[PDB]
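Report on one structure; see the data block that follows.
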Amino acid sequence: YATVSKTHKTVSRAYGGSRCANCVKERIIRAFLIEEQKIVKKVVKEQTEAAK
Amino acid sequence: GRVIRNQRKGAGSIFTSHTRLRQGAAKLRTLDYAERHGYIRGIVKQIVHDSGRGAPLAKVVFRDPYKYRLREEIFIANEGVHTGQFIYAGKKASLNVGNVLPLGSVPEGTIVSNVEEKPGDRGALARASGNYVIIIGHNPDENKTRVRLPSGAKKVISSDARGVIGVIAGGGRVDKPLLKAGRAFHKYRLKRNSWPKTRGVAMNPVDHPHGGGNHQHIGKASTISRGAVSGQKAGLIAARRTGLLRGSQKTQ
Amino acid sequence: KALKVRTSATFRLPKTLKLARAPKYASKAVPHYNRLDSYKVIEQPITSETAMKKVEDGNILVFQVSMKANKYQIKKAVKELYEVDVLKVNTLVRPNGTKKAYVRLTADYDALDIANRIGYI
Amino acid sequence: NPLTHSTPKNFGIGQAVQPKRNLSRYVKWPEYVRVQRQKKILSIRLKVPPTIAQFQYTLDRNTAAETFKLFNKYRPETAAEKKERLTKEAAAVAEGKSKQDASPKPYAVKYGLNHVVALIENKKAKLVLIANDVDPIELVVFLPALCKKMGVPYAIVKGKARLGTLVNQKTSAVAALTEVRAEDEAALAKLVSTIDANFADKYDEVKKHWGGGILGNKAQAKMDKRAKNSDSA
RNA sequence: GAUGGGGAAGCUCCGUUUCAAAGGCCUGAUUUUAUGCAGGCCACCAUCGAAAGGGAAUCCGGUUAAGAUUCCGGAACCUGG
RNA sequence: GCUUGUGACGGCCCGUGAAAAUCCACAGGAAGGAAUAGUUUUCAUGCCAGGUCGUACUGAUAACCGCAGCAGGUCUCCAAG
RNA sequence: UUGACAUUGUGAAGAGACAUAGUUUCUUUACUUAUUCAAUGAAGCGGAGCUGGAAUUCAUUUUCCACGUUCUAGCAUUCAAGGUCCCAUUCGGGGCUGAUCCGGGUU
Ligand SMILES: [Mg+2]
Ligand SMILES: [Mg+2]
Ligand SMILES: [Mg+2]
Ligand SMILES: [Mg+2]
Ligand SMILES: [Mg+2]
Ligand SMILES: [Mg+2]
Ligand SMILES: [Mg+2]
Ligand SMILES: [Mg+2]
Ligand SMILES: [Mg+2]
Ligand SMILES: [Mg+2]
Ligand SMILES: [Mg+2]
Ligand SMILES: [Mg+2]
Ligand SMILES: [Mg+2]
Ligand SMILES: [Mg+2]
Ligand SMILES: [Mg+2]
Ligand SMILES: [Mg+2]
Ligand SMILES: [Mg+2]
Ligand SMILES: [Mg+2]
Ligand SMILES: [Mg+2]
Ligand SMILES: [Mg+2]
Ligand SMILES: [Mg+2]
Ligand SMILES: [Mg+2]
Ligand SMILES: [Mg+2]
Ligand SMILES: [Mg+2]
Ligand SMILES: [Mg+2]
Ligand SMILES: [Mg+2]
Ligand SMILES: [Mg+2]
Ligand SMILES: [Mg+2]
Ligand SMILES: [Mg+2]
Ligand SMILES: [Mg+2]
Ligand SMILES: [Mg+2]
Ligand SMILES: [Mg+2]
Ligand SMILES: [Mg+2]
Ligand SMILES: [Mg+2]
Ligand SMILES: [Mg+2]
């Protein structure tokens, strides 16, 4: 693999030559959603403190 | 006389464990800051077969909170714990199967496994294919906790001593007839050189306390004292009763 | 006033000044002369019948050469002791513990000429 | 403001690596360090005998400063000065013909352990400083009692090196004055009295007081709260 | 199987990362100059142990009394620079 | 068809059937870098270099071990109708 | 294996004798610095304080706990972004705070 043009060892995507794309799909989705929920977790218990 | 077999095993030559294929030593996390002021999460990236072990191991990786990098521990899989699962380790940690908690924090009745003897000895009690321990009570002043082991012996250890929620996997292993010589053959193949066993009664006197005679017979009492010296101790050492156990067992 | 700040919990041997040798007298009075000059490198020509045949046909010079000498040292010294240029040197230790260099000249030089210039034939 | 942003890092278990912090409390020192700290500690935890614990009671910085001030005037001859003196009598004395006395009478501090001791013993010393370091403490433990017995006023001082410097040694263990120029007698009898007040006088009393028996402050507090709660409910 | 060690009258026995102050890379600082200090790392702490295990890369043709995937011829490939 | 190679599967286990050197990838983004001309050697082409030791032959009813050119012993590949 | 002596020190309650002053000796139970055992690239110990708050006020606090993470098989590193101070404004770099205080007893 050290005698080979870099294109043979990759595909042109996020996390290219390293995870199976349906894997990338998954960890994008979960990334977005968990980062979002983080917002829904904060402001919600920001209300808890104010309504207690 | 010759050095009898049980003596030879101690100098550990052709005896020593068969070590080579074994996932590594099973252990709890070191008892750091996190685990004794709060809790810390990790994922079981893999549950797997240790060789010469009854119960499945559980590869469980954590973050290292003092350097950006992953640090993987090796757990004995309790039952029902599964890949992808989140695992919690700490004093202030919820109480579900698979988590590791100090015995001080689990209500009595709790069932736990791979428990520490002293706190922070990374597991040492009930680690075997099936076993567990029952927390049977606490004493807050001098924070001890009382538990029952698989032996039925009750023991009191410190409450900071951790142990993991649930029971060990591989349940019922000993319930299946080994069936033939080969199965035990392959059983001990990956344990140590202890099988097969010649009977001391089948040897000559040079070889064993029992050896010789023109009939096969132990010739003297086989309940042998504690104080008995090396090369004497073969048979029922320190035996306080002997014979078929009549009547119920179970520690009263 | 106050103390040091160490962010690491590990201690190490303080990197200390490594002073260099300034001998009060000398190693060996006189440095040794070159222990393997060209002349010591290449010992005799080889002139077995079958050796020669490589000189007519092959453009190759055959030298019983120093055991202590490698493919480089052989090339440089055939080069300098004989005016010629070398394509390639193969070597082999004889079954009598003497080393043989199949030395092959480049196509500018006619080995057979070069052979009975040094004077064997 | 700009297109800059506040992102404050959470460090509360479970999340974000800890930052670099100061761990000087937590470092694996070289054993020689451990041994020398543990040594000092062990020496305070035991119950040290009165004829040792009478040291530790050192002179104070004010008084001492006055003592080193006075003694400095009396340093012993220098490298140069002696060579310089010797030719002011090699030449001078031998020819002009003095009694080996075209040199003035020397007024210097006395030092060297065996030296000072005979001095004390002969009641010729008039003010003696004993060091407080001195590792074979035995070398010097008897010095208080001696002076006391010989009725020679004494003071335990900080600095076996500070004793050393004033006499051109690295270390000295003891400094002593026997002689003193009259123009200095004033300043000395002063010092003798303050000194005697803190040492020779208090000596008999120091003789009964075992030092040490001091807890580490983990355990010192552990009972400072236990003895605090148990009694006063 | 050395080493900091610990045993042993001693030949030597134990231990192999273990109660140890265990060591070296990247380029920067030089433009007195050759390499001092400046960062930041990295704590992995001997070595021996396989011509059947792992492993960078070559083939065909021709040639000798006796060598050849090693020479001759043609055509390749790997590694360093 | 035979021999061997190989794939997708299936059975078996209280047996679930090495390790390290080594090579690549990706996450990361410190950094360096263009318009009067920069960046680029994981694209092509081009130059120099590759040491040391072994290389013969027997491998057995005579080249090894059994006092020997001993009916014994001594690990393996290729395999026609 | 069992006893004695040595290693072996510090307190407190109770015994034990000049025959009901405390030198000494032992039973019990404290101490931690000797010895002992464990873990860790000796990382967060001990003590105080800020905030919350249950708590019930017998003058105001006498106290007790809390004092960043739990639907998810993602992501967490460049002495940290931010804030403020300095260099003399260059690119770069430094202090402090962000991350409270004290004791250096690694636990
Ligand atoms: Mg591709
Ligand atoms: Mg492709
Ligand atoms: Mg072993
Ligand atoms: Mg067997
Ligand atoms: Mg049997
Ligand atoms: Mg049997
Ligand atoms: Mg028999
Ligand atoms: Mg017998
Ligand atoms: Mg018997
Ligand atoms: Mg018998
Ligand atoms: Mg029988
Ligand atoms: Mg020709
Ligand atoms: Mg060769
Ligand atoms: Mg003078
Ligand atoms: Mg050894
Ligand atoms: Mg090797
Ligand atoms: Mg090999
Ligand atoms: Mg051929
Ligand atoms: Mg030939
Ligand atoms: Mg041949
Ligand atoms: Mg060729
Ligand atoms: Mg060519
Ligand atoms: Mg190249
Ligand atoms: Mg076959
Ligand atoms: Mg399988
Ligand atoms: Mg790859
Ligand atoms: Mg290229
Ligand atoms: Mg080289
Ligand atoms: Mg051959
Ligand atoms: Mg052959
Ligand atoms: Mg033959
Ligand atoms: Mg033979
Ligand atoms: Mg034969
Ligand atoms: Mg620690
Ligand atoms: Mg920068």
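Labeling convention for the structure tokens: chains A, B, ... as they appear, residues from 1 per chain, ligands from 1 in order of appearance.
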| task | Could the residues of chain E within 10 Å of chain D, counting only C-alpha atoms (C1' of nucleotides), be given as a VMD selection string, please? | result | chain E and resid 19 to 21
Just N, CA and C atoms (P, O5', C5', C4', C3', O3' and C1' of nucleotides) for this one: save the residues we selected as a PDB file, in the first residue's frame.
ATOM      1  P     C E  19       7.726  -2.742  42.675  1.00  0.00           P
ATOM      2  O5'   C E  19       9.192  -2.675  43.319  1.00  0.00           O
ATOM      3  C5'   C E  19      10.121  -1.657  42.953  1.00  0.00           C
ATOM      4  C4'   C E  19       9.913  -0.372  43.715  1.00  0.00           C
ATOM      5  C3'   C E  19      11.158   0.496  43.767  1.00  0.00           C
ATOM      6  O3'   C E  19      10.773   1.868  43.740  1.00  0.00           O
ATOM      7  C1'   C E  19      10.513  -0.075  45.973  1.00  0.00           C
ATOM      8  P     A E  20      10.824   2.651  42.337  1.00  0.00           P
ATOM      9  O5'   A E  20      12.393   2.835  42.054  1.00  0.00           O
ATOM     10  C5'   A E  20      13.256   3.466  42.996  1.00  0.00           C
ATOM     11  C4'   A E  20      14.466   4.068  42.327  1.00  0.00           C
ATOM     12  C3'   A E  20      14.166   5.151  41.290  1.00  0.00           C
ATOM     13  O3'   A E  20      15.264   6.068  41.238  1.00  0.00           O
ATOM     14  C1'   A E  20      15.343   3.424  40.263  1.00  0.00           C
ATOM     15  P     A E  21      15.410   7.272  42.289  1.00  0.00           P
ATOM     16  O5'   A E  21      14.771   8.528  41.542  1.00  0.00           O
ATOM     17  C5'   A E  21      14.175   8.420  40.254  1.00  0.00           C
ATOM     18  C4'   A E  21      14.729   9.449  39.300  1.00  0.00           C
ATOM     19  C3'   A E  21      15.755   8.917  38.290  1.00  0.00           C
ATOM     20  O3'   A E  21      15.625   9.596  37.040  1.00  0.00           O
ATOM     21  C1'   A E  21      16.722  10.649  39.564  1.00  0.00           C
TER      22        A E  21
END
| said: What does the list of residues within 10 Å of ligand 6 look like if you count only C-alpha atoms (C1' of nucleotides) and all ligand atoms, written as number ranges by chain? | reply: B: 195-200
| said: 8 Å from ligand 9 is the threshold here; counting only C-alpha atoms (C1' of nucleotides) and all ligand atoms, which polymer residues fall inside it? Answer as a ChimeraX atom specification. | reply: /B:209-210,220-221,232
Output N, CA and C atoms for every residue in the selection just made, as a PDB file, in the first residue's frame.
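Full text of again-v3.pdb as output:
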ATOM      1  N   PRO B 209       2.150 -42.260  49.367  1.00  0.00           N
ATOM      2  CA  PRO B 209       1.551 -42.696  50.617  1.00  0.00           C
ATOM      3  C   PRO B 209       0.654 -43.878  50.417  1.00  0.00           C
ATOM      4  N   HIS B 210      -0.076 -43.961  49.322  1.00  0.00           N
ATOM      5  CA  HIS B 210      -1.018 -45.070  49.151  1.00  0.00           C
ATOM      6  C   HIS B 210      -0.402 -46.304  48.434  1.00  0.00           C
ATOM      7  N   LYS B 220      -3.869 -47.455  55.575  1.00  0.00           N
ATOM      8  CA  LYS B 220      -4.085 -46.721  56.801  1.00  0.00           C
ATOM      9  C   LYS B 220      -5.117 -45.629  56.520  1.00  0.00           C
ATOM     10  N   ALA B 221      -5.539 -44.918  57.568  1.00  0.00           N
ATOM     11  CA  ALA B 221      -6.589 -43.901  57.468  1.00  0.00           C
ATOM     12  C   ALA B 221      -6.215 -42.804  56.494  1.00  0.00           C
ATOM     13  N   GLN B 232       3.266 -36.029  52.914  1.00  0.00           N
ATOM     14  CA  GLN B 232       2.364 -36.817  53.714  1.00  0.00           C
ATOM     15  C   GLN B 232       0.946 -36.511  53.315  1.00  0.00           C
TER      16      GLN B 232
END
| query | Counting only C-alpha atoms (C1' of nucleotides) and all ligand atoms, which protein, DNA or RNA residues come within 10 Å of ligand 4, given as number ranges by chain? | reply | B: 14-15, 185, 188-189, 192-197
| message | Excluding residue E:22 and its own-chain neighbours fewer than 4 positions away, which residues fall within 10 Å of it when counting only C-alpha atoms (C1' of nucleotides)? Please give them as a PyMOL selection string. | response | (chain C and resi 12-13) or (chain E and resi 3-4+45)
| task | Would you mind listing the residues within 8 Å of ligand 30, counting only C-alpha atoms (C1' of nucleotides) and all ligand atoms, as number ranges by chain? | result | F: 57-59
| said: Counting only C-alpha atoms, a student should be able to say which residues of chain C come within 12 Å of chain D; what is the right answer, written as a PyMOL selection string? | reply: chain C and resi 3-14
File of the preceding selection, N, CA, C and O atoms, as a PDB file, in the first residue's frame:
ATOM      1  N   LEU C   3       7.207  28.379  45.659  1.00  0.00           N
ATOM      2  CA  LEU C   3       7.790  27.145  45.094  1.00  0.00           C
ATOM      3  C   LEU C   3       7.745  26.986  43.567  1.00  0.00           C
ATOM      4  O   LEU C   3       7.337  27.888  42.834  1.00  0.00           O
ATOM      5  N   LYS C   4       8.192  25.820  43.106  1.00  0.00           N
ATOM      6  CA  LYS C   4       8.126  25.461  41.696  1.00  0.00           C
ATOM      7  C   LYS C   4       6.721  25.073  41.291  1.00  0.00           C
ATOM      8  O   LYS C   4       5.886  24.730  42.123  1.00  0.00           O
ATOM      9  N   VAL C   5       6.471  25.131  39.995  1.00  0.00           N
ATOM     10  CA  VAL C   5       5.248  24.591  39.446  1.00  0.00           C
ATOM     11  C   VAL C   5       5.617  23.421  38.531  1.00  0.00           C
ATOM     12  O   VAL C   5       6.293  23.583  37.510  1.00  0.00           O
ATOM     13  N   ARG C   6       5.213  22.226  38.930  1.00  0.00           N
ATOM     14  CA  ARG C   6       5.400  21.077  38.064  1.00  0.00           C
ATOM     15  C   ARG C   6       4.035  20.525  37.695  1.00  0.00           C
ATOM     16  O   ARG C   6       3.229  20.176  38.554  1.00  0.00           O
ATOM     17  N   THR C   7       3.775  20.482  36.396  1.00  0.00           N
ATOM     18  CA  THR C   7       2.506  20.007  35.892  1.00  0.00           C
ATOM     19  C   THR C   7       2.540  18.489  35.717  1.00  0.00           C
ATOM     20  O   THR C   7       1.509  17.859  35.593  1.00  0.00           O
ATOM     21  N   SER C   8       3.718  17.890  35.722  1.00  0.00           N
ATOM     22  CA  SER C   8       3.795  16.444  35.574  1.00  0.00           C
ATOM     23  C   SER C   8       4.132  15.794  36.901  1.00  0.00           C
ATOM     24  O   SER C   8       4.879  16.359  37.702  1.00  0.00           O
ATOM     25  N   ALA C   9       3.591  14.600  37.126  1.00  0.00           N
ATOM     26  CA  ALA C   9       3.787  13.918  38.399  1.00  0.00           C
ATOM     27  C   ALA C   9       5.030  13.050  38.384  1.00  0.00           C
ATOM     28  O   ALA C   9       5.420  12.501  39.409  1.00  0.00           O
ATOM     29  N   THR C  10       5.647  12.930  37.214  1.00  0.00           N
ATOM     30  CA  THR C  10       6.864  12.148  37.044  1.00  0.00           C
ATOM     31  C   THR C  10       8.093  13.056  37.125  1.00  0.00           C
ATOM     32  O   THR C  10       8.100  14.152  36.578  1.00  0.00           O
ATOM     33  N   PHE C  11       9.117  12.584  37.827  1.00  0.00           N
ATOM     34  CA  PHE C  11      10.419  13.243  37.929  1.00  0.00           C
ATOM     35  C   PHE C  11      11.436  12.602  36.998  1.00  0.00           C
ATOM     36  O   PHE C  11      11.424  11.381  36.814  1.00  0.00           O
ATOM     37  N   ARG C  12      12.318  13.401  36.409  1.00  0.00           N
ATOM     38  CA  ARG C  12      13.361  12.826  35.563  1.00  0.00           C
ATOM     39  C   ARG C  12      14.739  13.415  35.819  1.00  0.00           C
ATOM     40  O   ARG C  12      14.866  14.516  36.343  1.00  0.00           O
ATOM     41  N   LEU C  13      15.758  12.651  35.432  1.00  0.00           N
ATOM     42  CA  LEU C  13      17.167  13.017  35.598  1.00  0.00           C
ATOM     43  C   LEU C  13      17.442  14.336  34.915  1.00  0.00           C
ATOM     44  O   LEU C  13      17.444  14.394  33.683  1.00  0.00           O
ATOM     45  N   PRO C  14      17.678  15.393  35.717  1.00  0.00           N
ATOM     46  CA  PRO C  14      17.946  16.730  35.186  1.00  0.00           C
ATOM     47  C   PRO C  14      18.968  16.687  34.052  1.00  0.00           C
ATOM     48  O   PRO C  14      20.099  16.225  34.243  1.00  0.00           O
TER      49      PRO C  14
END
Within 8 Å of ligand 19, which residues of chain E show up? Give each one with its shortest atom-to-atom distance in Å (one decimal) and the two atoms involved, counting only C-alpha atoms (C1' of nucleotides) and all ligand atoms, rows by chain then rising residue number, as JSON lines.
{"residue": "E:64", "atom": "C1'", "partner": "ligand 19", "partner_atom_place_in_ligand_line": "1 (Mg)", "distance": 5.7}
{"residue": "E:66", "atom": "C1'", "partner": "ligand 19", "partner_atom_place_in_ligand_line": "1 (Mg)", "distance": 7.9}
{"residue": "E:67", "atom": "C1'", "partner": "ligand 19", "partner_atom_place_in_ligand_line": "1 (Mg)", "distance": 5.9}
| said: Need to verify the contact set: residue B:32, 10 Å, only C-alpha atoms (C1' of nucleotides), exclusion of same-chain residues closer than 5 positions in sequence. Can you return it as a ChimeraX atom specification? | reply: /B:37,90,120 /G:40,43-44,107
| task | Show me which residues sit within 12 Å of ligand 15 when counting only C-alpha atoms (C1' of nucleotides) and all ligand atoms, and put them as a list in words. | result |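 Using only C-alpha atoms (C1' of nucleotides) and all ligand atoms, I find these residues within 12 Å of ligand 15: residues 1, 2, 3, 12, 13, 14, 15 and 16 of chain E.
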